[PDB]
Enquirer: 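Got a structure for you, questions after.
As a basis for the values below, the full set of heavy atoms in this structure was taken, side chains included, without hydrogen atoms, waters or symmetry mates. In listed order, ligands and their atoms are each counted from 1. Count residues from 1 along the sequence.
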Amino acid sequence: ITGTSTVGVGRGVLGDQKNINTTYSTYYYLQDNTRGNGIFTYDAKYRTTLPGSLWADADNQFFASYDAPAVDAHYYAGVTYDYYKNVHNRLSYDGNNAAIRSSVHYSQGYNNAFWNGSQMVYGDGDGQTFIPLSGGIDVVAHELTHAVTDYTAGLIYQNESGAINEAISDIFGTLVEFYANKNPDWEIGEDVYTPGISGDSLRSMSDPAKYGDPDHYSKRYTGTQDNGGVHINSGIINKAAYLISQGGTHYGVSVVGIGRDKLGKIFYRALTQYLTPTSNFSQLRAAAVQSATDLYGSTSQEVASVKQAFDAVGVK
Ligand SMILES: [Ca+2]
Ligand SMILES: [Ca+2]
Ligand SMILES: [Ca+2]
Ligand SMILES: [Ca+2]
Ligand SMILES: [Zn+2]
């Protein structure tokens, strides 16, 4: 809508207060005009029809419990936009400042979130497996990163290509969590998963096998479930990424860590420059080595650590 940019205040899913960019025209709308062509947040009103209604509020104060998921979807999308701009010089998900749209209150008891090819969508959870999903910054950044991947490498959501697609979203979701920092960790979804149980998460990058996910190529899932294991086999790549950043010894192979900032640079370059829609794990390794080479030289410690990491998870 057309109007005057302003700033409102509200409370997110976890009860934390924050300022959000809104737009005023009779009502106050969740429309942030300060970032690219805008960040827009919609109410799906417990239906599955999308996008729903651009979120309108009478007084620019967002403290109702119904408001919480919208506040966080809207705010964390802004933080994710800032991460890509300030760190990777990328303007929105398409590189030309596309508007970012999210809908919350999707369906009833919906225990997931997703990028649907055009926008992000967030369920409220059923209140025991998940609380509203936009309350996790790693979840928001994971979904938005699917948009980035779709406009760059275009990794097919199937088999090894799909597992790389998912891993990339976990890696950047985590890097964005550390950017905002934020109680950052190497777990996925801990803030919104099982409000009844502390210390757990949906997936672990530091120890995928903690939740039954493979951490070595020999343990990859080869069946047909989950589009050929896209959320399962991502564990192999997440572990490699964790090792490149933080270092460690995994199955007898030692990796010297090079830290998060270089991990992000190497993987962003691999994604935007070298990966294609049908890339497999072995092609990922080649892309990552070539990226590190491009950036730090063929005899760098950085290239050596990338090679070490993939050797350790059994990817040749
Ligand atoms: Ca209000
Ligand atoms: Ca965390
Ligand atoms: Ca996390
Ligand atoms: Ca939990
Ligand atoms: Zn995903």
Side-chain angles (χ1 to χ4, degrees), residues 3 6-32 41-43 45 53-76 79-80 83 104-105 112-113 122 125 130-146 166-195 197-208 210-211 213 231 234-235 237-239 241-242 245-246 260 263-264:
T6 188
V7 179
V9 60
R11 193 129 55 209
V13 171
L14 298 184
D16 61 319
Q17 175 178 302
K18 60 247 278 183
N19 295 306
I20 45 194
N21 293 121
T22 59
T23 293
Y24 178 65
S25 188
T26 301
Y27 284 95
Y28 293 91
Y29 292 91
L30 291 180
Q31 171 183 325
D32 178 353
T41 302
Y42 294 81
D43 185 7
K45 301 177 194 192
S53 303
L54 186 64
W55 196 284
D57 185 88
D59 61 6
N60 215 19
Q61 309 254 307
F62 299 82
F63 294 104
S65 65
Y66 191 80
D67 301 339
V71 170
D72 280 344
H74 193 69
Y75 186 86
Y76 292 135
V79 176
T80 301
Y83 168 81
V104 301
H105 292 313
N112 222 319
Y122 298 93
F130 278 104
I131 59 182
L133 279 99
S134 57
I137 187 180
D138 55 359
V139 170
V140 170
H142 175 109
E143 303 308 339
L144 210 154
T145 294
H146 281 306
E166 275 308 316
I168 295 287
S169 283
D170 282 346
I171 293 164
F172 285 101
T174 291
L175 293 180
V176 167
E177 189 170 297
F178 275 96
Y179 176 74
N181 169 49
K182 196 61 216 154
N183 305 294
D185 50 50
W186 292 89
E187 306 284 287
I188 304 298
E190 68 287 345
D191 284 343
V192 290
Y193 191 58
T194 63
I197 302 159
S198 292
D200 64 341
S201 65
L202 194 57
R203 282 188 291 282
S204 177
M205 306 182 64
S206 56
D207 185 12
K210 183 157 74 212
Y211 301 112
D213 292 333
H231 299 97
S234 55
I237 304 306
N238 288 344
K239 181 70 183 197
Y242 171 84
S245 184
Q246 300 305 99
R260 287 183 326 265
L263 169 70

Enquirer: Side-chain contact test, heavy atoms from C-beta onward, threshold under 4.5 Å: evaluate it for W55 versus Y29 and give yes or no.
Expert: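 Result no, sub-4.5 Å side-chain heavy-atom pair not found.
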
Enquirer: Return yes if some donor-acceptor pair links the side-chain N/O of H105 with the main-chain N/O of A70 below 3.5 Å, else return no.
Expert: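 No; judged by distance alone, with no hydrogens or angles, the pair does not exist.
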
Enquirer: Please state the angle at the Ca ion (ligand 1) spanned by OD1 of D59 and O of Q61: what is it, rounded to 10 degrees?
Expert: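 Computed angle, vertex at the Ca ion (ligand 1), rounded to 10 degrees: 90°.
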
Enquirer: Can you give me the OE2-the Ca ion (ligand 2)-O angle for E190 and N183, to 10°?
Expert: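 Value, to the nearest 10 degrees: 170°.
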
Enquirer: Give a yes/no answer: is there an N/O/S atom of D67 under 3.0 Å from the Ca ion (ligand 1)?
Expert: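 No, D67 does not qualify, because none of its backbone or side-chain N, O or S atoms lies under 3.0 Å.
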
Enquirer: Considering only NZ, NE, NH1 and NH2 on the basic side and carboxylate oxygens on the acidic side, decide whether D200 and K210 come within less than 4.0 Å.
Expert: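 No salt bridge links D200 with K210.
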
Enquirer: Looking only at N, O or S atoms in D185, which is nearest to the Ca ion (ligand 2)?
Expert: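 It is OD2, the N, O or S atom of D185 closest to the Ca ion (ligand 2).
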
Enquirer: Need the atom name: nearest N/O/S atom of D138 to the Ca ion (ligand 3).
Expert: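 Per the distance ranking, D138 contributes OD2 as its closest N/O/S atom to the Ca ion (ligand 3).
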
Enquirer: If you check every N/O/S atom of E187, which is the one nearest the Ca ion (ligand 3)?
Expert: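 Nearest N/O/S atom of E187: O.
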
Enquirer: A quick test of your reading: do over 12 heavy atoms of other residues, nucleotides or ligands sit less than 6.0 Å from CG of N181?
Expert: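 Enclosed: over 12 neighbouring heavy atoms sit under 6.0 Å from CG of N181.
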
Enquirer: Could you go step by step and tell me if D43 and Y66 meet the side-chain hydrogen bond (donor to acceptor under 3.5 Å, both in side chains) rule?
Expert: CA-CA 10 Å; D43 185 7; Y66 191 80; 3.0 Å; yes

Enquirer: In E177, what N, O or S atom is nearest to the Ca ion (ligand 2), if we give its atom name?
Expert: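 Checking each N, O and S atom of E177, the shortest distance to the Ca ion (ligand 2) belongs to OE2.
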
Enquirer: Out of the candidates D213, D170, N238, only one should pair with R203 under the side-chain hydrogen bond (donor to acceptor under 3.5 Å, both in side chains) rule; please name it.
Expert: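 Exactly one pass, corresponding to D170.
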
